Each structure stands twice: as C-alpha cells, then as structure tokens.
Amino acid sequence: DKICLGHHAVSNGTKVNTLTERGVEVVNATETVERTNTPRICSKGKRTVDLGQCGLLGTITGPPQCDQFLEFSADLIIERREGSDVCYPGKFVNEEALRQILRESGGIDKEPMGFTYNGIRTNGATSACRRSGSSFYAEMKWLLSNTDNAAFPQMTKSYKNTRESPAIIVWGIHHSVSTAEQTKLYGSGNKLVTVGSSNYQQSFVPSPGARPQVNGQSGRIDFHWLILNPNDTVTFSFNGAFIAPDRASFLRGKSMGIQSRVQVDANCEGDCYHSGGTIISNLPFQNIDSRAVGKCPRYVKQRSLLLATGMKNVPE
C-alpha cells in the first residue's frame, strides 16, 4: 500500500521561451503581442468629423470642399488622402505645425475681423474655385486695385483679439504669372506686404513668374499664419498682392486627429488608431503599425511572444 503525488499534463503543449531554453512545452500559454487589425475607424460614442475631400487647413481658408467644415466641433478628426487644402493652387508656409494645432483643437469657432476697405476692389474670383461659377476662398478676400493697372493705395488694417483664447490669424500672398499681370491686378512697382503683432515681426514680397498649370492656373497663393494671444493686436501693412483674412478662427477644446483610409463605424469602441483601422486589444504589445496613435499597446518587432500560464508539460 502506497500513496503517490503527481501533476497534470496533456498530449498537446504550447512551446514558449525562457531565460535558459527555447521551445519548452508548457501546459497552457497566451499570446502577448496583438496581430489582429480591425479595418474600420471604431468611433462609437465620439463626436467624429470625417473631412473627406476637405483638407484640414482648408477649414480656416474656406475652399469649396470645406464649406460645411468652417466651424466644426469634434472629439476625433479624420483626414483623408483625397482631401485638399486649396482651390487656387498654392500651399501653407510652416504647414505641418498648423495641422498639428488643428488636429488637437476639438474644432474651430470663427469670428469676423470686420476689415472694411476704401479705394480698392474686394471681390476677385477664379474658375479654379467653383461655387456658382467663378468664386474664391470663403474666409478670405482677393484684394484688387480699383481698375486695371490702377494704384494700390498703401493700406494698414488692425485686428485686436477681444477673446480669452488665442486666435489663428492667416493671410495670403499672391504670386502672379508675370510681372505684367502683377501690374494689371495691383498696379506697378515693388509691392511690400509687412506684418507684425507684438511678439511677432515678419514681412513678405511677391515673386511673379512662370509656373506650370495646376487646376488650370499658373499662379500661386502661399498662405501664412500666426497665433495672436489674448489682448494683442496684429497690424497688416500692405500695398497689394495680399489675400486678406475675413474671419479669425479660435480653438474649441481638445481632440484627437488621425489619417485613415477605412470607414467610420459607430458599432465599436476604440482608442488606438492607424491609417488601416483600429487596434482593439488588452495586450501590452502590438505588431501592426509603429505609427499607431491614441492610447496604444507598444509597438514591438516580434510577431509573437507567448507567456506561460501553466506548468511544464511532461508526458510519457
């Protein structure tokens, strides 16, 4: 008569790695690295704005793509490859800083600066910016000389920011296809746009010249911007070739901005996003996308790392 002690085992162990050996059979194991993507922007419970064809920076200038996004409000902003910041061709100076501000802004709220204008025209359109026919950036104003070749009376305009939040001010500079048509639009002569607001001083001159056509247009508008802090003034000193800000934009709160190519889906909750979807997982690590943003498991190189949840499996 005797009594034996023992431990359980199985016919099918899972192999794991240790400090001293590779591929040891243990009874049961569980995976530590997430490999399963879910190919949608799992947006349940969140105020979501999908910009589609509007580019993020269009929200402040107002090209036709962005007419319903001029005063959006969101917890989650989604950028699309098809989006475009622009109707008349051009680009933003210091552009990715502005995007990073806007992505986390929780949306923007516009306020007029109410600039009035004596002695020029205020209303230049273009076929690139089509609404009812030939139009222009909604939040800005193509400031022209009265009549063809007429003088551009050297002007100044100021805007103080009344509000308790900082403001995004943006203006434009027009680069005409030629020195000839720089003259037809804003008269002759060296044309200097200068800009300063207390803790910021800078200045601009157009550069007319030939560039290849984009949206049927060989000219360019480059946009500039500055953050005007509460109770500070900005003065716009200029003599033409100046696209002028109609409205200043203010930030609403906090948000999360992402770039994606998959569909929004309000049936699932997630907080870790990448461009091919959402990483839904309790696991500490992931091997799906190193540029995943939000609240994410850590990206690691390994596709798998099994963590033992049972004893060594020793069969006969």
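Residue indices: 1-based, along the sequence shown.
*Asks:* So 290-298 or 16-24, which one's hotter by mean CA B-factor in the entry?
*Replies:* Averaged over C-alpha atoms, the B-factors run higher in 16-24.
*Asks:* With respect to the recorded C-alpha B factors, which stretch has the higher mean value, 189-197 or 83-91?
*Replies:* It is 189-197 that shows the higher mean C-alpha B-factor.
*Asks:* Say you rank 227, 151, 138, 98 by Cα B-factor from the PDB entry; which sits at the top?
*Replies:* Across 227, 151, 138, 98, the entry lists the biggest C-alpha B-factor for 151.
*Asks:* Based on the PDB record, which member of 126, 132, 105, 217 exhibits the highest Cα temperature factor?
*Replies:* Among 126, 132, 105, 217, the PDB entry lists the largest C-alpha B-factor for 132.
*Asks:* Is residue 223 in the lowest, middle or highest third of its chain when residues are ranked by C-alpha B-factor?
*Replies:* Middle third of the chain for residue 223's C-alpha B-factor.
*Asks:* Sorting the chain's CA B-factors, does residue 165 end up in the lowest, middle or highest third?
*Replies:* For residue 165, whose C-alpha B-factor we compare with every modelled residue in the chain, the answer is the middle third.
*Asks:* Going by the recorded CA B-factors, say which third of the chain residue 72 sits in, lowest, middle or highest.
*Replies:* As the PDB entry reports it, the C-alpha B-factor of residue 72 lands in the lowest third of its chain.
*Asks:* Is residue 78 in the lowest, middle or highest third of its chain when residues are ranked by C-alpha B-factor?
*Replies:* It falls in the bottom third of the chain.
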